[PDB]
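A single chain comes next, written as structure tokens; it is the form deposited in one PDB entry.
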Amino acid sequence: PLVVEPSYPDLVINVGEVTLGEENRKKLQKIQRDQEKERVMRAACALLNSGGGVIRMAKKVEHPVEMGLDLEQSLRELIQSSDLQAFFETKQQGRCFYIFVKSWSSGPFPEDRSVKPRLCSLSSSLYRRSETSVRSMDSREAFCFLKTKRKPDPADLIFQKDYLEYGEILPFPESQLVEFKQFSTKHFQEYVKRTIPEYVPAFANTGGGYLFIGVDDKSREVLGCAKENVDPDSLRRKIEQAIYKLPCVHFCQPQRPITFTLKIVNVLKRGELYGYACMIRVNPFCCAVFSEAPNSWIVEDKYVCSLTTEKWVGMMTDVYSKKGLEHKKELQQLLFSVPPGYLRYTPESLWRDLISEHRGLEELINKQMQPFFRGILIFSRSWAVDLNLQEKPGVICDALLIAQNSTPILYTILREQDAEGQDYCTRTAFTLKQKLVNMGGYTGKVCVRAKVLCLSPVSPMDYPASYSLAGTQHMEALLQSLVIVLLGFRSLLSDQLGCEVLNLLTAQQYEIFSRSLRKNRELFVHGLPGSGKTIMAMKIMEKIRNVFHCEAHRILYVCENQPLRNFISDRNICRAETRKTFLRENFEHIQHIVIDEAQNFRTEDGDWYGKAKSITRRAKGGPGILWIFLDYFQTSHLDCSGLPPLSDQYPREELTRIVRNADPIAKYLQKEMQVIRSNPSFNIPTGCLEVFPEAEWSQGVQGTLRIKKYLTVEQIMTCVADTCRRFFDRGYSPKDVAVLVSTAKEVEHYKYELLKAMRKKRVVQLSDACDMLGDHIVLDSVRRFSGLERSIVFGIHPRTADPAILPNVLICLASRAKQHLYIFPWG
């Protein structure tokens, strides 16, 4: 058998001794020549179908040789093209000959998915009748034929005869429906056994037909087989067994076997029995019939394995993320932008952390990076763990180099040398390359070299020059495949990519939403939790600036909460104020007004809606913009909000697509919204909560949601500290974490407890919700975090005065978490 070599960062199949050179291979005997050719072609097919690799063969002479015409032609047949260089490149050194094989297909969703076949095969074992000849279907023909099958005569006169005259002439020729065969003179039963697989499947795959055995096909003479040579019952039994032995694959019901009529008739010479002639009528088969199992190979674990018939048909007829595939170019430009003329280290925060914790690491890396002038060096605590592989103690970090005029290199940094370091690095590089091809959908020639570096005080293959990243196009394509690969795993870079995907989804929804600016002066925006209400408000204030050409301070933003007010003020896109400040001060200078979280306003301090109406109507350019954003699921009090009735809240816009939270958080939000609908708060007008989220909408961004109950306050705080420490060690910054509590009164108690639990984790700095721009964890109440978001949120003991409002507080908490949400309910 063929076995993949284990100590390489690629798929490497050793095919042993092979005779190379056209003269050398012509001097061989055909049997050994064909055996060597078949070995090489099985290896090539497996590598084509398994993501690419290297074929290693020892050559018997030192001097450079040509591969050979038969091997060339077999590779051409394998890829159905004369463009060998697109998939095969050879190098040779000393007594070694290498064939570097590119993947035939890459990714779960190729562009050519409906155009080209998924596999390469040495043979498909599919035959069809083409006029008077039987022709094997190549990979493309078999693909089309299986697609067709999957989508939902004077010969009969002779067939009806119960006997034939020796030397009789049949009145028709061979055709699409008729075949004439003579009997072999030597081995009659072996001959029929050989003949049935060639012709019966071909007729079955195309309209059926007649097979006459014992007929000269040049004369159409009936000859048959001498009775001394054949026994009709044995012949019939052999024929039937051969026909029933043929593999068949059904795309339908019922799955009845091949339908055929077999007649053995007497051949009478001068009216007396001379011999027997065989006639088979093959009726058209509903689906594909194979002469035998297809000759297609693939790499499974560490072995080169042939595909079964049904597995082959499944591949030929049939955690990935569609959002990554859709946005790969934008995501790559955002995170992995490749600069001109200098080498970039990312993530910068993790790089700075690593060089601070480890002495000489910066010098080691900078020394190793001297040869490379342009590219990106992507760091990580453990690329192995990033790819769902086992962590290795002693590995300081891993770095992936993607630089111009170089192949991808995975670096593993060790504090001190270890025996398993090289094996660990090779395993990680192999996994990364296979992911880049099979999950990331990279269609080029790719290799990842595994190099182990040490801090304290098998040989790599030389790949062809086509495996070095030539320039910007190659680097960007490889980095987009890397984006797709990373989005399928849990890691720091994966979470950053998920944040950017959520931002892109919000941008799409905002592009749709902003068309309402030209069409409404007053507008009531009813957004659902996680629908991006506040992002929409900020972007619409920006757009108002450019559309009405008014100076930024002419636009006013009103909200209920000081933390949200401060967050909006930090961007300088407008003037931001709280309901109380808005009602107290004077704003005749304001043209346009945007009100957010209007469901949380209150009437005691005045008629804010009337004041906003007056201010916007007294504008110079007609009645100014007055857009009121609100979300009735996120009501924080049972009092009157001061909004107009639901009948008078027109014109209306609905933000129903969740674009701000990962998939688990969005599902939790939907369930909580349904619970709210079942038990609505009585201050909300009856018909408000009948807004339903988009039925088939999903974010395609993976996140985290854990509910940890029955814990004490001390246990909760210890768990929070441990999780935060793990995130920070992996490379998350503190400013991506928020701890939200039941009420503002418990904030100080839980703050002291969190500091007690965190002083063990080397960080002692917390922040209030009013300082979102600081590099610290924010601890506050769910109420005071309205409109603000963090990647990681810890929800501690969500509870309120009215059990009816507890689902509301759960929604308000869950909607603040973008990717990771930890809830610690009461017990």
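Basically, rigid core = biggest C-alpha set you can superpose within 1.5 Å across the two forms. Don't overthink the numbering: it's just position in the shown sequence, from 1.
The entry shows a gap from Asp318 to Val319, with 10 or more unmodelled residues of the deposited sequence in between. The stretch of deposited sequence separating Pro152 from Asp153 contains 10 or more residues lacking coordinates in this entry.
What comes next is about the form deposited in another entry, which is not displayed.
The residue among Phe548, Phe692, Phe159, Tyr303 whose Cα moves by 2 angstroms or more between this form and the one not shown, once the core is superposed, is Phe159. Core-aligned CA deviation for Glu228 between this form and the one not shown: 2 Å or greater. Once the rigid core is overlaid between this form and the one not shown, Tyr191 counts among the residues whose Cα shifts by 2 Å or more.
Once the cores line up, the CA of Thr261 ends up 2 angstroms or more apart between this form and the one not shown.
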